[PDB]
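Coming up is one lone chain in structure tokens, specifically the form deposited in one PDB entry.
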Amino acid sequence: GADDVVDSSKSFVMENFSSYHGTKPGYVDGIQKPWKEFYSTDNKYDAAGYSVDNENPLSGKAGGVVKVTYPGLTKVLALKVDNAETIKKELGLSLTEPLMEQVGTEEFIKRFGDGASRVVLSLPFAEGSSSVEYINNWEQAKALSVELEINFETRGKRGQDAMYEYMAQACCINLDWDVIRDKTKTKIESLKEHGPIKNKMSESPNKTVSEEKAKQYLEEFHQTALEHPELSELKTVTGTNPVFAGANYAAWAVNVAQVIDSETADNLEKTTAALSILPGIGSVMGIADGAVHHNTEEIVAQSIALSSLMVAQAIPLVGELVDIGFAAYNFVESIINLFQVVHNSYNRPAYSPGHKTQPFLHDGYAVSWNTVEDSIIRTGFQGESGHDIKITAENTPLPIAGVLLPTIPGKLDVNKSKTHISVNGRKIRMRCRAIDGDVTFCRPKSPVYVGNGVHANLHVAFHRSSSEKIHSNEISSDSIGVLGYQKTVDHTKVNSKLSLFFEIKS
């Protein structure tokens, strides 16, 4: 009955029920459908995650957050599961028409409304989160009044700075990114005017050389720069952890120079996509052993300045770019974004690192099925299923490029709206495309890193279009392929891959 699917401990009627909604750029200049449902949440800071430009999700401008209020009485109906078939079954609804259309009917409101004008559904927001998500009917949502909470397009704020500084209120790392940006330019100029740095630059081959020669030179560049008095703070931190050594630092800058071509360099979104899948970012960001070591505006600016100049030096040696301009422009802008992402994770409670089944370990990552049942993909019914996978990493921030998922035409499709990754409770949706008729690749809409203290739940959601059973000879994929960082070996690109094998059953 109702009781198997409604959580009565979280259900109630409120007058002037209010929640938060993240708005896309341009909106701030009521509520109207552009998603077959209007989503809101009790958490103004997580709302900020619905707000980035759908066309440039990693790097593009964030819009804002509004508070939306229904006048009169609203029933909040908390659900114990998010499976549409189960809900329709046990609430005794039509098993055919969409759940959210039915939720908007006179009859549903009378049956479940408890005297309210409308019903909103409530679900848990994500693994690792204590937030609530509300699901609203579009037509009903037209009654909402709307008040501005924050506009991230506010003049004077440069990147996604306004969004991340707002989100940092949740918390703690609370840096002024305007100060960092100003200080970064200042530090670059100081390094460029420094006699020893000028001397070191003139020692550059300044032409294509071996990766070994490049690294040797860049290591010396790193050491010379750390002796500048304006990098004294970064010098002190650098000596406290082997992650921050010149050799590791040099290795980041080489890898950057190797992957940035001119098409990439001239686009911030592409630059951010490329940088976000590289290993070894903890060496530059000062992150190791479960803590942010580069934790002031001074140290951050000093490391970004130095990495900028080191990328500039690396490009002639191992890169394919004619200009050095990338190093000062899109490189800095993109890396600032990555710092903000990782800080945001470290400002949140660590999702449990405890694998519930024996983990598979590879390349510093560990992955496991949440439960046996998660590893089973059932067949021979129409409808949805959800499957949880825990992802940790041992030490520095390691990226998750995305996930490779099986598909079978009309028997197993990825539900692109419910599939997501939650990093310390930050819920990040996915963009998914077919590699072919058998495999879909899903990439996070914000950069994902895991590391010590930053752990994730990957939630894969499938939809079945028909009631016929998947046949043994239809199974291309034995596994879900989680994709980690990309390494450039010879000149070829290899992704870290961690596979979890599943079983098809009736």
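Residue indices: 1-based, along the sequence shown.
Missing here is the form deposited in another entry; even so, the following discussion is about that form.
The rigid parts of the chain swing between this form and the one not shown, and the hinge residue from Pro229, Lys185, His355, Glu165 is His355. Relative to this form, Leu338 and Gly481 separate from one another in the other entry, with their C-alpha atoms ending up at least 3 Å farther apart.
Between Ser352 and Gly290, the Cα distance is smaller in the other entry than in this structure, by no less than 3 angstroms.
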